[PDB]
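**Q** structure of the sequence below:
(2 chains)
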Amino acid sequence: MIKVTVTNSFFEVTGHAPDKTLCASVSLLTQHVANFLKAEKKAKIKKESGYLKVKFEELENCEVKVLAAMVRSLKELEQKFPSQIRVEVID
Amino acid sequence: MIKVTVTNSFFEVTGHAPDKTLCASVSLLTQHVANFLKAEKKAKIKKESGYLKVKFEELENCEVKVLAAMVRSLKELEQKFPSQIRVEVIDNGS
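**A** Residues are numbered from 1 along each chain as shown, chains lettered A, B, ... in the order given. Find the structure here:
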């Protein structure tokens, strides 16, 4: 089961899903957003085997809308694969 | 073969790839940018069976960079599955 935790300070991706396409798809999207934030000096990344944690730094209007779209995108998947991915957005 | 077209007015996605992981990665990444753009009213989405077309509207620095990043990533997948996906940026004028 893929676990995605998204807060105001960072987002975290752990675990794996039986579905290799769901698993490859989520790893691509999350790493994409992570690298986009890193590319513009807006985040520091921790990348290990089946683990990703992105720490936000100086987020502006642009990055906050990107993060929100990332949550949107993952929840649609959570709706379609409720037993393989779990999206928890904390306040 | 997945065909991605990028112009100054829109980006389009058509066809499918034999590899299911490639199809899903592309569909998710492209719909993600499309969803991002629509949320802030910067794009209109035409979504069909094996067809996606996103028409831009008043793009600012933010989306230009998000879009450039989407292309960069698709060109990267193009490198990995050369027979399964084609990314065409149509540069017209002079």
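
**Q** report how many residues lie close to residue A:69.
**A** 23 (other Cβ atoms under 10 Å in any protein chain shown). Using the backbone N, CA and C atoms, a C-beta is placed for each residue, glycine as well.

**Q** the strand or helix carrying residue A:12 pairs with which strands?
**A** Applying DSSP states H and E as the criterion places residue A:12 in strand A:10-14. Strands that pair with strand A:10-14, judged by DSSP bridges, come out as strand A:2-6 (antiparallel), strand A:51-56 (antiparallel).

**Q** interface residues of chain A facing chain B?
**A** Within chain A, the positions adjacent to chain B are A:20-22, A:24-26, A:28-29, A:32, A:35-36, A:39-40, A:61-62, A:65-66, A:68-70, A:72-73, A:77 by Cβ under 8 Å from any Cβ of the partner chain.

**Q** chain A: helices as residue ranges?
**A** Ranges of helices in chain A, per DSSP state H, are A:20-39, A:61-80.

**Q** just those helices: most buried one?
**A** Greatest average neighbour count among those goes to helix A:20-39 (a mean of 20), per mean count of other Cβ atoms under 10 Å in any protein chain shown.

**Q** can you dump the C-alpha atoms of stretch A:68-75 in CSV for me?
**A** Only the C-alpha atoms of stretch A:68-75 are listed here, as CSV (Å, rounded to 0.1, in the frame of the first residue of the first chain):
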residue,chain,number,x,y,z
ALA,A,68,-2.6,21.3,-4.3
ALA,A,69,-2.9,19.9,-7.8
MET,A,70,-0.6,17.0,-6.7
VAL,A,71,-3.1,16.2,-3.9
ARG,A,72,-6.0,16.5,-6.3
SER,A,73,-4.3,14.1,-8.8
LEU,A,74,-3.5,11.5,-6.1
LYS,A,75,-7.0,11.6,-4.5
